[PDB]
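Colleague: just the starting chains for now, same placement as in the complex:
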Amino acid sequence: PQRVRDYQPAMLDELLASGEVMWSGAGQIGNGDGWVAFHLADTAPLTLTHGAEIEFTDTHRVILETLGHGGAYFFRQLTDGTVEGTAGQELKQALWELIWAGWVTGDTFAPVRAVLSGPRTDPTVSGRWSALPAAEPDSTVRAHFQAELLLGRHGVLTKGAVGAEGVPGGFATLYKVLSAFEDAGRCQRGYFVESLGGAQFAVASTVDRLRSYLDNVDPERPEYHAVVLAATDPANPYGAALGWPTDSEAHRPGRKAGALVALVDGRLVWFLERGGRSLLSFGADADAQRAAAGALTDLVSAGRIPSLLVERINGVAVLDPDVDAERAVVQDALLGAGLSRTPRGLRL
């Protein structure tokens, strides 16, 4: 909903059913949270990964061997004469374990919208469940497509982003294949971003676009554009290419699920951790926190994120008389943006 100015969830299921995209989740988190990976249907076998390995009990084999030589099925037609009473709960728990490993795929995004809704016909398993096309075996073609895709996703492909991204053979194999590109000419092969200090292949056209945004040599007041981002969506250079600012010698943030990095004017001022309850101001500067706070407030008020009423910092969490300067600016910022103060120390 951030990069598609108007997004009503019924806009997504319109694609999934049409047959142009494939969801194929491929990683499980806790309970009721996963790693989904939207592929395109034209070239699905390329961007897909090999199926994970699991225990493979017998009921799993029952779910397969029927989806295998067939197109797709409903939940009920997976097996015969089993009701939701006793065999259902074992069949379902066998299913949602088979999908997070990545062997079956819903024909729409309706179930996962529910498995997040928390335990409260059943909505958890509704649409048609299809066996998933086997990922293309690693070859030269897979390599070229992955390299071109990465170049399309990131602006300037670095040694960093290939690290956070999961590609076989490490950055060493890409540099071998991208050199073949640079020879043919589809890539610039210029030192574009300085601190990366490597070989950023990028593309001929992107550099012309990248050369803008270059800070003007004369002094000027900053623009203060605040853009809040989920800590693990590819439009987040930190943790992948730029690396984190080295602060809080022991306590370190990362690309954890559910965390928020709120970077304004490129530099990251804050970091939320696990939905509130931790704020990680990194070398704050006054009136920049104002912009990030405005960002967070418009976000919570638009409803994209569950409200944050729980706040702490590194160790100075709430009303410490030992109050520091760096903890002060955070407070003066959050109160000014209108965020509530001292509703309670805890929450059940």
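Modeller: Alright, I've got the coordinates. Numbering: from 1, shown residues only, chains lettered A, B, ... in the order given.
Colleague: next one: phi and psi at the spatially most central residue of chain A?
Modeller: The residue lying closest to the centre of chain A (Cα atoms, centre = their mean) is residue A:233, at 3.4 Å. Main-chain dihedrals, residue A:233, degrees, to the nearest 10: phi -110, psi 140.
Colleague: who's in contact with it?
Modeller: Applying Cβ atoms under 8 Å, 6 or more residues apart in numbering, we find residue A:233 in contact with no residue. All C-beta spots, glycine's among them, are computed from the backbone N, C-alpha and C.
Colleague: my guess is residue A:118 contacts residue A:33, does it?
Modeller: No: shown here, residue A:118 and residue A:33 do not form a contact pair, counting by Cβ atoms under 8 Å, at 10.4 Å.
Colleague: of the two, who's got more company?
Modeller: residue A:33 (13 against 8; other Cβ atoms under 10 Å).
Colleague: now the helices: where do they sit in the stretch 201-348 of chain A?
Modeller: Secondary structure of the stretch 201-348 of chain A by DSSP state H, counting those that start in this stretch: the helices cover A:204-210, A:288-302, A:325-336.
Colleague: determine which stretch of the ones you listed is the most buried.
Modeller: Per residue and on average, the most neighbours among the helices of the stretch 201-348 of chain A fall to helix A:288-302, with a mean of 18 (mean count of other Cβ atoms under 10 Å).
Colleague: and it, what does it pack against?
Modeller: strand A:226-230, strand A:260-264, helix A:325-336 (3 or more Cβ pairs under 8 Å, 6 or more residues apart in numbering; DSSP states H and E).
Colleague: how about those in TSV, adding distance to residue A:150?
Modeller: Listed next are the helices and strands packed on helix A:288-302 as TSV, based on distance: least, Cβ to Cβ, whole Å:
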stretch	distance to residue A:150
strand A:226-230	20
strand A:260-264	21
helix A:325-336	37
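Colleague: to residue A:80, which of the ones you listed lies closest?
Modeller: strand A:226-230 (42.4 Å; Cβ to Cβ).
Colleague: quick one: strands adjacent to that closest one?
Modeller: strand A:260-264 (antiparallel) (DSSP bridges).
Colleague: just the angle for the partner strand relative to helix A:288-302, thanks.
Modeller: 130 degrees (axes from the mean of the first three to the mean of the last three Cα atoms, to 10 degrees).
Colleague: what's strand A:260-264 in contact with?
Modeller: Contacts of strand A:260-264 (Cβ under 8 Å, 6+ apart): A:224-231, A:236, A:238, A:268-272, A:288, A:291-292, A:295-296, A:305.
Colleague: please apply the same query to stretch A:182-191.
Modeller: By Cβ under 8 Å, 6+ apart, the list of residues contacting stretch A:182-191 reads A:151, A:178, A:181, A:197-204, A:206-207.
Colleague: extend the structure above with chain B:
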Amino acid sequence: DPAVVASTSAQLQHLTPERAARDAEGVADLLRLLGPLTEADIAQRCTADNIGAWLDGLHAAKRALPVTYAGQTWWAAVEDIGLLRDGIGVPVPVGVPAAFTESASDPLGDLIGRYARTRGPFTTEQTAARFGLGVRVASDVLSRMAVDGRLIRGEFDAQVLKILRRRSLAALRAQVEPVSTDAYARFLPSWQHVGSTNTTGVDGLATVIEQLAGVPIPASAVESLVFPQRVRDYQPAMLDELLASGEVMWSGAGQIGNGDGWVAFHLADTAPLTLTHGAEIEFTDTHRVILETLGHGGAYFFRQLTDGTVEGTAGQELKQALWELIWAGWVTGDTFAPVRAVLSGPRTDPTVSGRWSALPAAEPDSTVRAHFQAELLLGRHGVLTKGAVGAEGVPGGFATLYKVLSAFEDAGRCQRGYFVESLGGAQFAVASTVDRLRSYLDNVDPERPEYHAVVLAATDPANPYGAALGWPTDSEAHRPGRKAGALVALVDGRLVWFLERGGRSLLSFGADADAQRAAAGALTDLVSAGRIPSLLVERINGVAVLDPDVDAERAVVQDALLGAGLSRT
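Modeller: With chain B added, the chains above now look like this:
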């Protein structure tokens, strides 16, 4: 009082021309409600002549089963046969998943209780005679459950006792039976369009404001709790369309704090009547200035009031000098953007945006004002009562109002009957609505409640409590009232909860079983739609237990907050 006993017992027993099973499935309900019955007894309850076919078809469909426990054969519903099996009766051999449980708390006693729930006066030996094991067992259960109030020694049926006591009352006086208090509190909301889907659009809101003319509502409650519930699809532009069109005209009356205030919408056709008088505060010079230029004028923007400078403390002192006049009730904005801003608090300049018009002169107190007020009051409440006149401001008190209402009754525009049970005894209303009031009447059946929760702001006129009914108990320190920003949640006529503010205490007041689930659900629906200005919080909940440990009274309250979700606890 013997005569009315036969009639009610007839109605209880589903043994009248009305209330007679007229279909095949219709009897099964009658059978599970009245308990097992002999077929010949079913025949006189049904409207058909041949009842054997219905029963045997039901049995083949396994909806009701034959029974032969006593000499006479009877027909119990399959839901009771699994329980009746604990008695002398024998269950069916064929597998029936309805008989998953065989023994209840006490099966042989409970069937006696349901038996008495339908009958009136009865004798102990008669209970066992129709269906009973031993006479000693009969006198046991009677002295049993005496603490539970079941089977009180009414004449020889505790819930029936109250019904007959009521109905036997108002037999000497030629009056129909009064309506229950809970029924009235179920009636007053829908009598003002709350939850109704008829009312919508601009016409709907011009209908609502009609009957809510005189009352003052907190500015934060308006258009968040009181209007968006009546008008099914409320958009804050609509109320701006009325106000600008010259059709209604808000006029504040007293402020509660820095932000919120009382704002009381008048209809424009008859404003001079439902207008109160000025607040009679002390007047400095700048106030005389504002009231001068607005004196002979129709409206003026903020700037034109004090030609000169309006910026800085020279003019900013005039802003605060004006927003003092408005809350007093002398000037009103030609729209509802200012008051929409005042409640928003600080971060041109809003809060003086629209035109500011002097207010039409309040009608000098007279008979025609008394007449109009006595007319209007009957529109807001179903049945005017000596109570409601109290909580509402009336410049003559109930004493002088009651007099002109007598002229109304003698003219024939209102019936002086005794309509609601608990209340004073000289309440009355218009004739047409009494019919509507006669619905919602609790039928004399052991029926399970509907659990249709509803949530109102405490100052909302739809809240009967404190107006006519009166607060049910102040047995301890914490007292509830009609303070601003307080919510009153009520599943049926009786209220279960109360909130003092979005984060303040909560009153478990009723402590009823399983009703708190629906009430918490309704609170959740409001919070989700965004109606409540905040998300709900409760720290001082209960008696101010604060939930450090579990108490016996609160037991279900927490588990209910888990039921809705306790988005904050």
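Colleague: how near is the residue nearest to the centre of chain A to chain B?
Modeller: 26 Å (Cβ to the nearest Cβ, to the nearest Å).
Colleague: how about the strands in chain B?
Modeller: Here chain B has its strands, by DSSP state E, at B:64-67, B:74-77, B:217-218, B:248-249, B:252-255, B:261-263, B:266-267, B:331-333, B:356-358, B:454-457, B:487-490.
Colleague: same question for chain A.
Modeller: Under DSSP E, chain A gives strands at A:21-22, A:39-40, A:72-73, A:104-106, A:129-131, A:226-230, A:260-264.
Colleague: run the chain-centre distance for the third one.
Modeller: Centroid displacement of strand A:72-73 relative to its chain, using Cα atoms, centre = their mean, to the nearest Å, is 29 Å.
Colleague: same question, the first one
Modeller: Distance, stretch centre to chain centre, for strand A:21-22: 17 Å (Cα atoms, centre = their mean).
Colleague: just checking, what packs against that strand?
Modeller: Here strand A:21-22 touches strand A:39-40, going by 3 or more Cβ pairs under 8 Å, 6 or more residues apart in numbering or on different chains; DSSP states H and E.
Colleague: what packs against the strand it packs on?
Modeller: Using 3+ Cβ pairs under 8 Å, 6+ apart, strand A:39-40 sits against strand A:21-22.
Colleague: quick check: closest non-adjacent residue to the one residue in the stretch 451-569 of chain B that gets nearest to chain A.
Modeller: Across the stretch 451-569 of chain B, the shortest distance to chain A (Cβ to the nearest Cβ) belongs to residue B:569, at 4.2 Å. Spatial nearest neighbour of residue B:569, excluding adjacent residues (Cβ to Cβ, 6 or more residues apart in numbering or on different chains): residue A:348 at 4.2 Å.
Colleague: leaving out chain neighbours, which residue sits closest to residue B:387?
Modeller: Spatial nearest neighbour of residue B:387, excluding adjacent residues (Cβ to Cβ, 6+ apart): residue B:468 at 4.2 Å.
Colleague: do the same with residue B:43
Modeller: residue B:51 (4.9 Å).
Colleague: I'd say residue B:216 and residue B:251 touch.
Modeller: No: if you go by Cβ under 8 Å, residue B:216 and residue B:251 don't touch, sitting 9.6 Å apart.
Colleague: so what sits against both of these two?
Modeller: B:263-264 (Cβ atoms under 8 Å, 6 or more residues apart in numbering or on different chains).
Colleague: and these two? Which one has more around it.
Modeller: Neighbour comparison, residue B:216 and residue B:251: the larger count goes to residue B:251, with 23 against 20 (by other Cβ atoms under 10 Å in any protein chain shown).
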